[PDB]
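S.K.: Structure below; questions to follow.
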Amino acid sequence: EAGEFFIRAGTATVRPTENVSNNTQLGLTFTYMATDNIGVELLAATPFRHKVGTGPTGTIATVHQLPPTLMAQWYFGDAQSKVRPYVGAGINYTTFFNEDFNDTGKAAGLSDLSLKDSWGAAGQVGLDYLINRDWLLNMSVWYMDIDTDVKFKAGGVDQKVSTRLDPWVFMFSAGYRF
């Protein structure tokens, strides 16, 4: 329904895709319905924790990130639909912090890791099963276009490589009408 503000809570799992690991964290959305079908959502999560490895070296590094995302949405159906799927599009902001190499990587002549903040596009496919006037069950799949820079020191020498990451976010949540 229009003018409605609700909040979902549940699991948010991020899978890098462009060797980096996956991590599942608490995910909160704060959606506001503009019309009966247009919504404006904000994704927010607890900081993720990804282990980083490559080929022979293995888990050499570890980075944390926060990927808030702002989305314009379209909910299919009408205001009396208990099953409303939705598609979303909008920008992502990703910030990295507590980058640190481990014992394995620090013996490889590796120091000072820092990924630069990234902005990019984000796509969205979700589904709201509305249980009643207040409760709902939700699934959403996110595709974000992430472009950071990897800065590190190889044996004291500055390294600087740009990557594309394009991770998938899978949220299984449960919302409430506020």
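For the structure tokens, the naming scheme is as follows: chains receive sequential letters (A, B, ...) according to their order of presentation, residues are indexed from 1 within each chain, and ligands are indexed from 1 in presentation order.
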Write out as a Markdown table the residues of range 130-157 of chain A that have any atom within 12 Å of an atom of range 22-39 of chain A, one row each with the nearest atom pair and its distance in Å to one decimal, counting only C-alpha atoms, sorted by chain and then rising number.
M.R.:
```
| residue | atom | partner | partner_atom | distance |
| --- | --- | --- | --- | --- |
| A:138 | CA | A:29 | CA | 10.8 |
| A:139 | CA | A:29 | CA | 11.7 |
| A:140 | CA | A:29 | CA | 10.6 |
```
S.K.: Those residues you just picked out, can you put them in a file as a short mmCIF file (atom, residue, chain, number, x, y, z; two decimals), in the first residue's frame with N, CA, C and O atoms?
M.R.:
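Writing done, so here's result.cif:
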```cif
data_model
loop_
_atom_site.label_atom_id
_atom_site.label_comp_id
_atom_site.auth_asym_id
_atom_site.auth_seq_id
_atom_site.Cartn_x
_atom_site.Cartn_y
_atom_site.Cartn_z
N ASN A 138 9.95 -12.62 2.82
CA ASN A 138 10.60 -11.98 1.68
C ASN A 138 11.83 -12.75 1.22
O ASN A 138 12.54 -13.36 2.03
N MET A 139 12.06 -12.71 -0.09
CA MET A 139 13.30 -13.15 -0.71
C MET A 139 13.71 -12.11 -1.75
O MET A 139 12.87 -11.64 -2.51
N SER A 140 15.00 -11.77 -1.78
CA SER A 140 15.50 -10.84 -2.79
C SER A 140 16.88 -11.27 -3.26
O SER A 140 17.69 -11.79 -2.48
#
```
S.K.: Can you tell me, as number ranges by chain, what residues are no more than 6 Å from range 55-71 of chain A when counting only C-alpha atoms, ignoring any on the same chain fewer than 4 positions away?
M.R.: A: 40-44, 47-51, 88-102, 104-105
S.K.: Write to file, as a short mmCIF file (atom, residue, chain, number, x, y, z; two decimals), in the first residue's frame, the residues of the selection just made, with C-alpha atoms.
M.R.:
```cif
data_model
loop_
_atom_site.label_atom_id
_atom_site.label_comp_id
_atom_site.auth_asym_id
_atom_site.auth_seq_id
_atom_site.Cartn_x
_atom_site.Cartn_y
_atom_site.Cartn_z
CA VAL A 40 12.25 3.48 -2.42
CA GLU A 41 14.39 1.01 -0.47
CA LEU A 42 17.69 1.26 1.42
CA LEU A 43 19.75 -1.87 1.98
CA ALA A 44 22.08 -1.90 4.97
CA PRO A 47 30.05 -5.43 8.12
CA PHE A 48 30.93 -8.45 6.01
CA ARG A 49 34.18 -10.41 6.30
CA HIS A 50 35.78 -11.86 3.16
CA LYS A 51 38.91 -14.01 3.01
CA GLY A 88 14.67 -2.76 -8.38
CA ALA A 89 17.46 -0.61 -9.77
CA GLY A 90 19.79 1.88 -8.12
CA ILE A 91 23.32 2.71 -7.06
CA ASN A 92 25.59 0.99 -4.54
CA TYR A 93 28.23 2.45 -2.24
CA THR A 94 30.81 -0.02 -0.93
CA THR A 95 33.44 0.85 1.68
CA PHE A 96 36.33 -1.40 2.69
CA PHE A 97 38.06 -1.39 6.07
CA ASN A 98 40.30 -3.51 8.30
CA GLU A 99 42.21 -4.82 5.33
CA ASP A 100 44.98 -7.00 6.71
CA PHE A 101 47.32 -9.72 5.47
CA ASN A 102 47.80 -12.91 7.48
CA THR A 104 50.94 -16.60 5.18
CA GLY A 105 50.85 -13.37 3.17
#
```
S.K.: Apply DSSP to the structure's backbone, then extract all residues of chain A labelled strand (DSSP E or B) and return them as a ChimeraX atom specification.
M.R.: /A:5-15,20,23-33,38-45,48-54,58-66,69-75,83-101,110-115,118-130,135-144,147-154,157-164,168-177
S.K.: Measure the distance from CA of residue 160 in chain A to CA of residue 144 in chain A in Å and round it to one decimal.
M.R.: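 So the answer is 22.5 Å.
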S.K.: Would you mind telling me which residue in A:14, A:174, A:79, A:161 lies nearest to residue 136 in chain A when using only C-alpha atoms?
M.R.: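 Closest residue, counting only C-alpha atoms: A:174.
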S.K.: Give me, please, the distance in Å between CA of residue 112 in chain A and CA of residue 169 in chain A, quoted to one decimal.
M.R.: 28.3 Å
S.K.: Write out as a list in words which residues come within 12 Å of residue 158 in chain A when counting only C-alpha atoms, dropping same-chain ones fewer than 6 positions away.
M.R.: residues 109, 110, 111, 112, 113, 114, 150, 151 and 152 of chain A
S.K.: DSSP on the backbone: what in chain A comes out helix (DSSP H, G or I), as a PyMOL selection string?
M.R.: chain A and resi 103-106
S.K.: What's around residue 129 in chain A at 6 Å? Count only C-alpha atoms, leave out sequence neighbours fewer than 6 positions away in its own chain, and write the answer as a PDB file with N, CA, C and O atoms, in the first residue's frame.
M.R.:
```
ATOM      1  N   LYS A  82      -1.522 -10.263  -1.886  1.00  0.00           N
ATOM      2  CA  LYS A  82      -0.699 -10.850  -0.834  1.00  0.00           C
ATOM      3  C   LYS A  82       0.631 -11.375  -1.357  1.00  0.00           C
ATOM      4  O   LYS A  82       1.536 -11.633  -0.556  1.00  0.00           O
ATOM      5  N   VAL A  83       0.771 -11.543  -2.667  1.00  0.00           N
ATOM      6  CA  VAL A  83       2.005 -12.024  -3.279  1.00  0.00           C
ATOM      7  C   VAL A  83       2.440 -10.962  -4.280  1.00  0.00           C
ATOM      8  O   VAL A  83       1.874 -10.857  -5.375  1.00  0.00           O
ATOM      9  N   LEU A 136       5.221 -10.030   6.847  1.00  0.00           N
ATOM     10  CA  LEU A 136       5.486 -10.531   5.507  1.00  0.00           C
ATOM     11  C   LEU A 136       6.742 -11.394   5.527  1.00  0.00           C
ATOM     12  O   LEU A 136       7.580 -11.290   6.427  1.00  0.00           O
ATOM     13  N   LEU A 137       6.855 -12.259   4.520  1.00  0.00           N
ATOM     14  CA  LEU A 137       8.054 -13.049   4.273  1.00  0.00           C
ATOM     15  C   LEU A 137       8.626 -12.647   2.922  1.00  0.00           C
ATOM     16  O   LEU A 137       7.874 -12.363   1.984  1.00  0.00           O
TER      17      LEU A 137
END
```
S.K.: To one decimal in Å, tell me the separation between CA of residue 126 in chain A and CA of residue 168 in chain A.
M.R.: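 CA of residue 168 in chain A lies 13.1 Å from CA of residue 126 in chain A.
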S.K.: With only C-alpha atoms as the atoms that count, which of A:162, A:46, A:73, A:108 lies nearest to residue 11 in chain A?
M.R.: A:46
S.K.: In terms of the shortest atom-to-atom distance over only C-alpha atoms, which of A:132, A:148, A:13, A:173 is closest to residue 118 in chain A?
M.R.: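 The closest residue to residue 118 in chain A is A:148.
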